[PDB]
Structure formats: C-alpha cells, structure tokens
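Asker: I'd like to ask you about the structure that follows.
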Amino acid sequence: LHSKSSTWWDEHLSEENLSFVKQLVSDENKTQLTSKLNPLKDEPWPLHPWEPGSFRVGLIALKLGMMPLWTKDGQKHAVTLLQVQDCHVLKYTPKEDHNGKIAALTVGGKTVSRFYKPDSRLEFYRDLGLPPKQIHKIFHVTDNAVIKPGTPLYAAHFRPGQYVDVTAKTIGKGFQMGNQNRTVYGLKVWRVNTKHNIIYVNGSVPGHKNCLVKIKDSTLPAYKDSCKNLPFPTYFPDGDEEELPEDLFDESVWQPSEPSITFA
Amino acid sequence: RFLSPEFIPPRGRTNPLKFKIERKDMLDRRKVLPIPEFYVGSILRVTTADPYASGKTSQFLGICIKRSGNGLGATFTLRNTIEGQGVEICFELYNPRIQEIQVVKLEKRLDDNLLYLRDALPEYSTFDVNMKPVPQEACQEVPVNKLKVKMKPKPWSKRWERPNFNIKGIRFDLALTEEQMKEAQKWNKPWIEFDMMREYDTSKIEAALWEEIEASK
Amino acid sequence: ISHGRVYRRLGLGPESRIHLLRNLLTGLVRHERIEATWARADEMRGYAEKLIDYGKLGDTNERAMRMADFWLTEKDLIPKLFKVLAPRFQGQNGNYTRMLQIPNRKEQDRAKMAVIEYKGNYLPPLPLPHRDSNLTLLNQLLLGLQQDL
Amino acid sequence: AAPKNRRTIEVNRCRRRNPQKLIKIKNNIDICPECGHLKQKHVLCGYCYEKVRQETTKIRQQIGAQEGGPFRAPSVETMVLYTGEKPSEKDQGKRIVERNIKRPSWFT
Amino acid sequence: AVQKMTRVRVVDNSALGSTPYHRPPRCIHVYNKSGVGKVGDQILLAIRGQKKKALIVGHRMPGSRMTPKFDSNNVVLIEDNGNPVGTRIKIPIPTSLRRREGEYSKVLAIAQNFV
Ligand SMILES: [Zn+2]
C-alpha cells in the first residue's frame, strides 16, 4: 500500500550498526561539549562592570535528593541536593524584541537523546553546536549581564551564604490536581560541590526527585543587590584566575572531619 | 566483617553519588569520633556535649532497643529505667555533639527490636547507669541473650502475639493461652514468608561497601 | 491511580494471586511454554527467573526445598528443577525466561495474549523477529562510514 | 428526570459523526515474510504460529503417551527426535521423544 | 502530648495532689495558642474537687531525637501568685525548661532531681 507507515530510529538499524550508532552518539555529544568548554576563547561579548539594579542569569538543575546537615552551633538542618547538568546559553533575546523593561536569555540543561525528538529541535541545536536539552527556560537578564549563546554555565555561579529562589512543577495528584509551576522563596545556600556541580539549598523544593528545577537569585527586597560581591556576569572556569576548592562551605556550616562540637 | 547498617543504602531512585559522598563524610567523621560495633540488646554509654550546660558532658547508659536510619542521618536508641522511670533516648551516630561512644556491654537479644520491653517487667529493662564495662572478645560473635521476658497484663502497646511481629523473646505461654495464639495466628499471611516481591538483595552491595570502608581507614 | 505500584492485582485476593501465580509457575515448569494474558505473564516472569536461581543454589538447601515444594504443587517436578532446569541454566547468569506478544484472542473479549517460555528448552523455536541484514543499502552506507572511521 | 423534549436527528447526527466518536484508521499493519500474511509491527505471525502450536500438541501428544501416567515428569533432560535422525552420544541420559514425521525445515 | 482528657500524675507534695482521691486529675485544655500540651506548658488541673494551675514536665508522646521519652505524664502545681503550690518535686524533671521561653526558675529550683 502507498500509505504512511510508523517508523522508529531502530527500525532499520542492524545490530552491528546499532552498537556503532550508540557509540557514535556518545562521541558526537562529547565532541560538541568539549568545543563549547571555552567561552572566553570564543569571541566573548564585551564584559561590563556591575552596577545597582543588575540581574544575573539563572541555572537549571536536577533534584538529586535531600540529606541532613549540621552547623557549628550543633543545629541540624535538612538540605536538598541540586545538580547542574550541561547548562549552556542557547538563545539571547534583545531587550526591544522581548520586553522593553529587561532583556531575556534562554538556558537549557540535562542533555537528552536525539532519537525521539523533532527535527526542528535538532536543527536549532545543530546550529548552536550543542546536543539537545530536556527543558528550555527563559531568564530575565540585564543588558550589562548578557552572555553570548553557547557559554557553559556551572554551579559555581552561586556561592555559599547566598539566598536563592527555586521554581519547579508541583507533583501531579491525578483527578480528585498538581502539575503546576510553583516557586519557593528565601532558600539559603549552604555549600556547593565544584567537582559534581552540586548546590546545597536550604529547605524543600517542589517536585519529585530527578526533576529539573529553575534556579535564580532571590528577588526579596532584603537581597536586592547580592551580586556585587559575586561573579557579575557569571563564574568562568575558562579564566581560571584562582582554582576554586572542590567543596565550598558556609562559615556557620560545620565541615565533616572537624572536631566534635562542644557547647562550651 | 561487621558492616554497620547505616552504610547500606536503601532502595530507591536517589542517585548513588549521594551515598558515595555521604559515606566519605561518614568515614572522615569516624576518624574524628570512633563508632564501636554494637547490636540491639547491647548496653551502651554515650558521651555527648550538653547544650544547656556549659563545658559539661552527658553520659547516658541503656540497653540498645532499636537501630534506624541510613547514612550520616543514622540514629540508635538505647533504653533504661532511671529513678523508676523508663526512658528512651535516640542518638544520631554522626552528630558532632556526641563526644564519645562506649559499649559498656556488647551483646545481642533474641529480637532485633526491643520495644516489647516496655510491656515486659521493669527488671528486664532496669540497668545500672554506673555499671562498669564487662569483658568482651573482639574475634568472636557478640553474646546472644536468650532469656525470655515476662509481659505485663494483656493490654499492650502492640499485638506482639500476632505472627507478623514474630517476637521470639516473649513468654506468651504464661500470659496467653494456645487458643489466643491461634486467634493471633489468623493474621499469618503464610505466603509472605514465600513472597519474593518483598526481598531486597544487598549481597553484592554489602561486599563492595566493605572494601570501600576499609580503604578509607 | 497506579503511580509507583510494583504489584498487579490479580485473582480474588493476594492469596489468590499467589495461588494463581503458583498454578501458572507449576504449569510452565511442566510444559516449559505457556500462553497467558500479557498482564499476568509479565507479573509471573520475575518469579520464574528467581526460581531458577533457587535451583542453582543447590538441592541440599533447606529454603530451596521448601520454596520448591510450595510453588510446585506437582512433586514430580521437584527433582526436575534441580536436575533439569538448574543444570541447563548453570552457564546463564539470567534472562532464563523469554516472553513475547501473541495476537489477541478472538474470544469476544480481545484479551492481550503473550507466551512465556524457558530458554534452552527442547521445544520448537518460537518465530522470533530477525533484525535487518548489514547488506541493506542503509547498513552498507553505514559500513562505508565505519571503514572511513 | 426525563428528557424535556425529543432530541433532533441533526443534533444526534453531529454527536455520532464527531471525529472523536468515529473509528480511526491504523497504520501499524505489517506483512509476515514467513507466511506472506498481514500482521502488526508489535504482533507476531499467526499462519506460521498455527503450524508451531499444532506441532507442539503433536509433540506433546507423543510425550503424554510415552509417560503413560500423571506425576511422571522426568528428573532428566528431554529431547525430541524425528524420523531419519539417530540419537548421539550427547543425547545419552536424556528423555527421547520420537516423531514419525521428518524433521521440520523450520524446526532445527 | 497532653491533649484533652489524658489522665495525668500529680508530681507534687501539695495537699490536694498528695492526698489520694478516687477520681484521677484530668486535663481538658492547655494554656497555649495550640490545643496540644507538652513539657513546660501551663495547664489547669482539677484536683480534690478544686481547680489548680499545673506545669507539664513530662509526656508519653514520642519526642524529638536526642531527648528522653517518658512513660508517664507528670505535672507540677503552680499557684496564682506564680509560686509553685508544692515545695518539692519527686520525679526527675528535664533541664530543658530553663532555656524554654517562660518563667521556669521557680519550678526548677523546687526540682530535686534533674535528668
Ligand atoms: Zn508466517
């Protein structure tokens, strides 16, 4: 019959070729990621100084889980684990073309397979030179803080002691609900792991484990200007001005292997 | 080879990396504070820093009745009767405010949980806080106490007679007739002993953990 | 509402499910190839794989003997498991059972049908699907890419 | 509560002829190379399976006669042999089923 | 968790509490914004046909980690003027009452045994 038929990527792939295809995809993903490792060496856009009222870009992270944390005062605080995976700038929107108030930047993370994705999504990512990402989110960023597309973003952008805001889809409870975006405000950051790009955030985060979340600077009036003492555009490992410790701790946080706390 | 319960991770979708990082921190803390091997039914004395007091430590002695938690958040509970009042205190193994842990008497009890001791006679739960440590053999199995405790009147916190509890240290015969046991046995659910859906295999995980713990040492 | 569920509800109760699963397991061992509903076949596939492990554990194991007796109503099968099934699968580390989809029954209920069998059996081979050959044009084009690489 | 008025055929016709209520076409139809008959991509062939299932009964029927009684499952491995095939040394110590028909081409 | 009802033991030497009575003293409210009464929460205890304020020092509800779980509900009577009705306390009293928000110095001074 001269009619449409259902097809999948594995329909016409032989076992020997199928194994080769799997290896090739890993190689292609690795090559694309390595090419984008150095943003500063890729004709970076001009760097501007920080001034009051500037807004930095946010990151997308995966909800690893929760664990207990102890402070030097002996208090126990439960903390949630967020992992930033393959965070890259994808599309910059001019201030006029998106919103006169502020410009916006699109950031995607958590690379996904190319087998079951639309050609249009692949075509856009092919131009950007990066593998497709699970989720696209838009961040409001001031003109001075704009970053060229394709710049890798790392968990080191945020620092211990900084309050942050996380928004994620709430768990769906079925017909009775849920599956709606919600935001939690005023969550402090206790520690960041550079090697695994893991950020420790105070409190609970809406959504199920292994769920992507959006991380951005706290918008509360008290923390109006916290980026002055932080990497203003972002943290660039490419510069490598001073290699950061693998694990970053807050002053109040009691590090493991420290002497037992005595309430003297 | 005694693998402490907390090191064994629980089944789930959580990333194994968290356990690896947690174990590394746990092992580092173990160097700072030595965690002796103990089992439910062992009498322990634990030294902890007092927040209310200034520069004064606290030591509480009691029989270990329950072990719960995993990873750095693992906790253990030891029970004792002080001034005629039964008291149970839960101690977190890796809390920085626990100065020292002493196993006064290393031993095991018939059951892995001793919550039924609340329903037992006070003498089975009474222990001298100042009792000195008893001799123990490192290269041996911990002594297993096979004494069967006597229960108080029938109203109890839990229906220990039910087969699900499967308590082997209770003198049910003295307080319960065989007919009453049969009524409790009505909840036998015999297929549960043969059910493979409630079984979790950690043999490979337990073996792998042993080398990792020793390597850090 | 079936989020996070790891057990199917079959029969008239949990005991019936075990008995129904017990009957299915006993029949499968006797014949080594049984056709049943896909939902039930999927549930029982895990049980069959674990049973082979019990046979591998050894005849002298008291738990295996108790497990074998309970699951296998017909006692003639107990020697077979330790002396037929277990020896056969010694080389294999798993995947003892093969489950495939069968056309739905034309019995006015249109139940989803599947066949579960023990691998390595003496029964005639099932009509398994065969992957496309490398001689195909697309595969040959990929072969040229492989040679270049 | 009963209907306040008769429902018009035009209103009824639209409800039953709405695309949601119409029968949808299927694009997963496939051909069986073995029998040359139709099949679904996720469904096996039936014309050849008819031979396999019936052959199993014939093999099973031979097995049933040989056993001759219930609860006679052997503790030793079993093998099936067709006319023109002779047992080998490896076949020793295994239940042997003899089939009058020659070895089927599909069966190996 | 001293909720409504919750038969309690009067740990005091007060005449009403000390004297045995056929009806147990009962607690059907709490002097707190919430209805649940825990250690350090004031209450009013009906003793010997009279109503006297009492301070909770122990409860049988499971507690937080690093704390001792009591097996009996113990209370201490407090006068209207704020001084304890009884001049001595027999059962061990947790020392957390000192740091707890409120006026607990008078009661703690009257507490012989601390755990
Ligand atoms: Zn065919």
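So you can find residues: chains in the structure tokens are A, B, ... in the order shown, residues in each start at 1, and ligands are numbered from 1 in order.
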Apply DSSP to the structure's backbone, then extract all residues of stretch 25-177 of chain B labelled strand (DSSP E or B) and return them as a PDB file with C-alpha atoms, in the first residue's frame.

Answerer:
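What landed in selection17.pdb:
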```
ATOM      1  CA  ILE B  43      24.086  -1.794  76.832  1.00  0.00           C
ATOM      2  CA  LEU B  44      25.979   1.325  75.751  1.00  0.00           C
ATOM      3  CA  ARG B  45      27.233   4.516  77.385  1.00  0.00           C
ATOM      4  CA  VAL B  46      27.346   7.525  75.052  1.00  0.00           C
ATOM      5  CA  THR B  47      29.111  10.807  75.828  1.00  0.00           C
ATOM      6  CA  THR B  48      27.521  13.927  74.343  1.00  0.00           C
ATOM      7  CA  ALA B  49      28.081  17.654  74.713  1.00  0.00           C
ATOM      8  CA  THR B  57      29.301  16.446  79.015  1.00  0.00           C
ATOM      9  CA  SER B  58      26.496  13.920  79.493  1.00  0.00           C
ATOM     10  CA  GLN B  59      26.659  10.123  79.702  1.00  0.00           C
ATOM     11  CA  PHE B  60      23.502   8.010  79.404  1.00  0.00           C
ATOM     12  CA  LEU B  61      23.528   4.227  79.836  1.00  0.00           C
ATOM     13  CA  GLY B  62      20.827   1.986  78.413  1.00  0.00           C
ATOM     14  CA  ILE B  63      20.174  -1.210  76.508  1.00  0.00           C
ATOM     15  CA  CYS B  64      20.048  -0.703  72.744  1.00  0.00           C
ATOM     16  CA  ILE B  65      16.469  -1.366  71.640  1.00  0.00           C
ATOM     17  CA  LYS B  66      16.287  -0.118  68.035  1.00  0.00           C
ATOM     18  CA  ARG B  67      18.558   0.866  65.141  1.00  0.00           C
ATOM     19  CA  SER B  68      17.156   3.150  62.446  1.00  0.00           C
ATOM     20  CA  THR B  75      20.384   7.064  64.738  1.00  0.00           C
ATOM     21  CA  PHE B  76      20.241   4.485  67.521  1.00  0.00           C
ATOM     22  CA  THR B  77      18.033   4.300  70.612  1.00  0.00           C
ATOM     23  CA  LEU B  78      19.024   2.850  73.988  1.00  0.00           C
ATOM     24  CA  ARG B  79      16.572   2.309  76.838  1.00  0.00           C
ATOM     25  CA  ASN B  80      16.917   2.320  80.616  1.00  0.00           C
ATOM     26  CA  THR B  81      14.911   2.898  83.791  1.00  0.00           C
ATOM     27  CA  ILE B  82      16.104   5.895  85.827  1.00  0.00           C
ATOM     28  CA  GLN B  85      11.031   5.857  85.091  1.00  0.00           C
ATOM     29  CA  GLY B  86      11.581   4.144  81.754  1.00  0.00           C
ATOM     30  CA  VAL B  87      13.423   6.489  79.392  1.00  0.00           C
ATOM     31  CA  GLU B  88      14.479   6.038  75.763  1.00  0.00           C
ATOM     32  CA  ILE B  89      16.950   8.412  74.094  1.00  0.00           C
ATOM     33  CA  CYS B  90      17.714   8.489  70.364  1.00  0.00           C
ATOM     34  CA  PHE B  91      21.335   9.288  69.485  1.00  0.00           C
ATOM     35  CA  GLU B  92      22.495  10.241  65.992  1.00  0.00           C
ATOM     36  CA  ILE B  98      28.353  13.284  70.573  1.00  0.00           C
ATOM     37  CA  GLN B  99      31.757  13.362  72.257  1.00  0.00           C
ATOM     38  CA  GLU B 100      32.305   9.619  72.705  1.00  0.00           C
ATOM     39  CA  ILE B 101      30.511   6.276  72.390  1.00  0.00           C
ATOM     40  CA  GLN B 102      31.219   3.444  74.844  1.00  0.00           C
ATOM     41  CA  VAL B 103      29.828  -0.092  74.546  1.00  0.00           C
ATOM     42  CA  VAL B 104      29.605  -0.986  78.230  1.00  0.00           C
ATOM     43  CA  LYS B 105      28.210  -4.463  77.485  1.00  0.00           C
ATOM     44  CA  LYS B 108      22.584  -9.312  71.333  1.00  0.00           C
ATOM     45  CA  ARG B 109      18.962 -10.046  72.220  1.00  0.00           C
ATOM     46  CA  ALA B 120       7.870  -6.533  79.899  1.00  0.00           C
ATOM     47  CA  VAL B 144      23.202 -13.518  72.454  1.00  0.00           C
ATOM     48  CA  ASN B 145      20.835 -13.218  75.416  1.00  0.00           C
ATOM     49  CA  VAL B 149      10.982 -11.625  79.235  1.00  0.00           C
ATOM     50  CA  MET B 151       4.888  -9.447  79.929  1.00  0.00           C
ATOM     51  CA  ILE B 170       8.220 -13.061  74.931  1.00  0.00           C
TER      52      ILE B 170
END
```

Asker: To check your reading of the model: which residues sit at most 12 Å from ligand 1 when counting only C-alpha atoms and all ligand atoms? Write the answer as a VMD selection string.

Answerer: (chain C and resid 126 to 129) or (chain D and resid 30 to 39 43 to 52 106)

Asker: Identify every residue of chain C that has at least one atom within 8 Å of any atom of chain B, counting only C-alpha atoms, and report the result as a list in words.

Answerer: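 Selected residues: residues 15, 18, 47 and 67 of chain C.
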
Asker: Quick one: residues within 10 Å of residue C:56, only C-alpha atoms counted, chain neighbours fewer than 6 positions away excluded, as a list in words?

Answerer: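 My list of contacting residues is residues 50, 64, 81, 82, 83, 85, 86, 87, 88, 89 and 90 of chain C.
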
Asker: Okay, now the selection with N, CA, C and O atoms, as a tab-separated table (two decimals), in the first residue's frame?

Answerer:
```
chain	number	residue	atom	x	y	z
C	50	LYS	N	13.59	-15.94	39.34
C	50	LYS	CA	14.10	-16.19	40.69
C	50	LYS	C	14.07	-17.67	41.04
C	50	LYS	O	14.94	-18.15	41.77
C	64	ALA	N	15.44	-23.71	49.60
C	64	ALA	CA	15.06	-24.04	48.23
C	64	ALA	C	14.06	-25.19	48.20
C	64	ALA	O	13.08	-25.15	47.45
C	81	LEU	N	13.48	-29.64	38.64
C	81	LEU	CA	14.06	-28.31	38.79
C	81	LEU	C	15.55	-28.39	39.13
C	81	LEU	O	16.37	-27.69	38.53
C	82	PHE	N	15.90	-29.25	40.08
C	82	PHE	CA	17.29	-29.37	40.50
C	82	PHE	C	18.14	-30.16	39.51
C	82	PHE	O	19.36	-29.98	39.48
C	83	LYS	N	17.53	-31.04	38.71
C	83	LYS	CA	18.26	-31.94	37.84
C	83	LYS	C	18.05	-31.66	36.35
C	83	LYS	O	18.75	-32.26	35.53
C	85	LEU	N	16.20	-28.18	35.03
C	85	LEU	CA	16.24	-26.73	34.83
C	85	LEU	C	17.53	-26.13	35.35
C	85	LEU	O	18.20	-25.36	34.65
C	86	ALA	N	17.91	-26.47	36.59
C	86	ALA	CA	19.11	-25.88	37.17
C	86	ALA	C	20.37	-26.23	36.39
C	86	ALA	O	21.16	-25.32	36.09
C	87	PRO	N	20.63	-27.49	36.04
C	87	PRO	CA	21.82	-27.78	35.21
C	87	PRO	C	21.82	-27.03	33.89
C	87	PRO	O	22.88	-26.59	33.43
C	88	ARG	N	20.65	-26.87	33.26
C	88	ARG	CA	20.59	-26.23	31.95
C	88	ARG	C	21.04	-24.78	32.02
C	88	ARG	O	21.74	-24.30	31.12
C	89	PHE	N	20.66	-24.07	33.08
C	89	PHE	CA	20.90	-22.64	33.19
C	89	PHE	C	22.17	-22.30	33.94
C	89	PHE	O	22.40	-21.12	34.24
C	90	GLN	N	23.01	-23.29	34.25
C	90	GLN	CA	24.22	-23.01	35.03
C	90	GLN	C	25.10	-21.99	34.32
C	90	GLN	O	25.62	-21.06	34.95
```

Asker: Could you pull the residues within 9 Å of residue B:28, counting only C-alpha atoms, minus those fewer than 2 positions along the same chain, as a list in words?

Answerer: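 Surrounding residues, per the criterion: residues 256, 257 and 258 of chain A; 23, 24, 25, 26, 30, 31, 32, 33, 216 and 217 of chain B.
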
Asker: For the residues in that selection, give me N, CA, C and O atoms as a compact mmCIF listing (two decimals), in the first residue's frame.

Answerer:
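Saved result, selection07.txt, follows:
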```txt
# COMPACT_ATOMS: atom_id res chain seq x y z
N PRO A 256 32.57 18.24 57.74
CA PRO A 256 32.91 16.90 58.23
C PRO A 256 34.40 16.78 58.49
O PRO A 256 35.22 17.44 57.86
N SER A 257 34.74 15.91 59.45
CA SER A 257 36.10 15.66 59.92
C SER A 257 36.56 16.74 60.89
O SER A 257 37.69 16.66 61.39
N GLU A 258 35.74 17.74 61.19
CA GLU A 258 36.08 18.73 62.19
C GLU A 258 35.92 18.14 63.59
O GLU A 258 35.24 17.13 63.78
N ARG B 23 29.08 8.61 52.43
CA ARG B 23 29.97 7.64 53.06
C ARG B 23 31.34 8.25 53.31
O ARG B 23 31.94 8.02 54.37
N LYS B 24 31.86 9.02 52.36
CA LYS B 24 33.16 9.65 52.54
C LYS B 24 33.15 10.57 53.75
O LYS B 24 34.08 10.55 54.57
N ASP B 25 32.11 11.39 53.89
CA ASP B 25 31.99 12.25 55.06
C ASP B 25 31.82 11.41 56.33
O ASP B 25 32.40 11.72 57.37
N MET B 26 31.02 10.34 56.25
CA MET B 26 30.84 9.47 57.40
C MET B 26 32.16 8.85 57.83
O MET B 26 32.48 8.80 59.02
N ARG B 30 34.17 9.26 61.30
CA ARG B 30 34.53 8.09 62.09
C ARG B 30 35.97 8.19 62.59
O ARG B 30 36.28 7.73 63.70
N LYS B 31 36.86 8.78 61.79
CA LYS B 31 38.22 9.01 62.26
C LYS B 31 38.24 9.97 63.44
O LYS B 31 38.96 9.75 64.42
N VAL B 32 37.45 11.05 63.37
CA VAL B 32 37.39 12.00 64.47
C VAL B 32 36.75 11.36 65.69
O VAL B 32 37.25 11.50 66.82
N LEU B 33 35.64 10.65 65.50
CA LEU B 33 34.93 10.00 66.58
C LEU B 33 34.83 8.51 66.29
O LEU B 33 34.29 8.13 65.24
N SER B 216 39.37 3.56 53.21
CA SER B 216 39.49 4.89 53.81
C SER B 216 40.32 4.84 55.09
O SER B 216 41.12 5.74 55.35
N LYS B 217 40.14 3.80 55.90
CA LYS B 217 40.88 3.64 57.15
C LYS B 217 42.37 3.86 56.93
O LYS B 217 42.91 3.53 55.87
```

Asker: Could you tell me which residues of chain C sit within 7 Å of chain D when counting only C-alpha atoms, and give me the result as number ranges by chain?

Answerer: C: 74, 76-77, 79-80, 83-84, 101-103, 122, 124-125

Asker: Hey, list the chain C side of the contact with chain A: 7 Å cut-off, only C-alpha atoms, answer as a compact mmCIF listing (two decimals) with N, CA, C and O atoms, in the first residue's frame.

Answerer:
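This is the output file selection33.txt:
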```
# COMPACT_ATOMS: atom_id res chain seq x y z
N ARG C 131 16.59 -9.30 12.84
CA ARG C 131 16.99 -7.94 12.52
C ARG C 131 17.44 -7.85 11.06
O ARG C 131 17.83 -8.85 10.44
N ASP C 132 17.38 -6.64 10.52
CA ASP C 132 17.78 -6.42 9.14
C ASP C 132 19.26 -6.73 8.96
O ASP C 132 20.08 -6.50 9.85
N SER C 133 19.60 -7.26 7.79
CA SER C 133 20.97 -7.62 7.48
C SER C 133 21.79 -6.37 7.16
O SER C 133 21.26 -5.33 6.76
N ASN C 134 23.11 -6.50 7.33
CA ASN C 134 24.00 -5.39 7.00
C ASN C 134 24.11 -5.16 5.50
O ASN C 134 24.60 -4.11 5.08
N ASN C 139 22.54 0.08 5.75
CA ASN C 139 23.63 -0.53 6.50
C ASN C 139 24.93 -0.47 5.72
O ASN C 139 26.00 -0.21 6.30
```

Asker: Quick one: distance from atom CA of residue A:138 to atom CA of residue A:244 in Å, one decimal?

Answerer: 28.4 Å

Asker: Just the residues within 10 Å of residue C:104, please, counting only C-alpha atoms, with nothing from its chain fewer than 6 positions along; format it as a list in words.

Answerer: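 The neighbour list is residues 37, 38, 110, 111, 112, 113 and 114 of chain C; 43 of chain D.
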
Asker: Produce a file of the selected residues containing C-alpha atoms, as an mmCIF file, in the first residue's frame.

Answerer:
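Once everything was written out, this is part.cif:
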```cif
data_model
loop_
_atom_site.group_PDB
_atom_site.id
_atom_site.type_symbol
_atom_site.label_atom_id
_atom_site.label_comp_id
_atom_site.auth_asym_id
_atom_site.auth_seq_id
_atom_site.Cartn_x
_atom_site.Cartn_y
_atom_site.Cartn_z
ATOM 1 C CA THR C 37 -2.622 -12.842 29.275
ATOM 2 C CA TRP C 38 0.148 -10.288 28.840
ATOM 3 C CA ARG C 110 -9.923 -9.331 22.905
ATOM 4 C CA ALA C 111 -7.568 -10.071 25.788
ATOM 5 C CA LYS C 112 -3.887 -9.279 25.263
ATOM 6 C CA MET C 113 -2.036 -12.579 24.827
ATOM 7 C CA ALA C 114 1.633 -13.390 25.392
ATOM 8 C CA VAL D 43 2.239 -8.661 16.859
#
```

Asker: I need the residues of stretch 22-105 of chain E that end up classed as helix (DSSP H, G or I) by DSSP on the backbone, written out as a PyMOL selection string.

Answerer: chain E and resi 95-97+105

Asker: I'd like the interatomic distance between atom CA of residue A:142 and atom CA of residue A:232, to a tenth of an Å.

Answerer: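 A separation of 11.0 Å between them.
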
Asker: What does the distance between atom CA of residue A:56 and atom CA of residue A:199 come to in Å, to one decimal place?

Answerer: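 So the answer is 17.2 Å.
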
Asker: What residues in chain A have any atom no more than 10 Å from chain D when counting only C-alpha atoms, and can you write them as a ChimeraX atom specification?

Answerer: /A:3-7

Asker: Would you pick out the contacts of residue A:36 at 9 Å or less, using only C-alpha atoms, so that residues sharing its chain but fewer than 2 positions from it are not included, and give the list as an MDAnalysis selection string?

Answerer: chainID A and resid 31:34 38:39 42 88 129:130 150:152

Asker: Using only C-alpha atoms, which residue out of C:25, C:93, C:39, C:108 lies closest to residue C:9?

Answerer: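 Of C:25, C:93, C:39, C:108, the one nearest residue C:9 is C:39, counting only C-alpha atoms.
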
Asker: Show me which bits of chain A are within 12 Å of chain E, counting only C-alpha atoms, as a list in words.

Answerer: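 On the chain A side, the interface is residues 74, 75 and 76 of chain A.
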
Asker: Would you write out those residues with C-alpha atoms, as a PDB file, in the first residue's frame?

Answerer:
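File produced: result_35.pdb:
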```pdb
ATOM      1  CA  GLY A  74      25.032  21.989  66.786  1.00  0.00           C
ATOM      2  CA  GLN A  75      21.758  22.640  64.960  1.00  0.00           C
ATOM      3  CA  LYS A  76      20.669  20.094  62.352  1.00  0.00           C
TER       4      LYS A  76
END
```
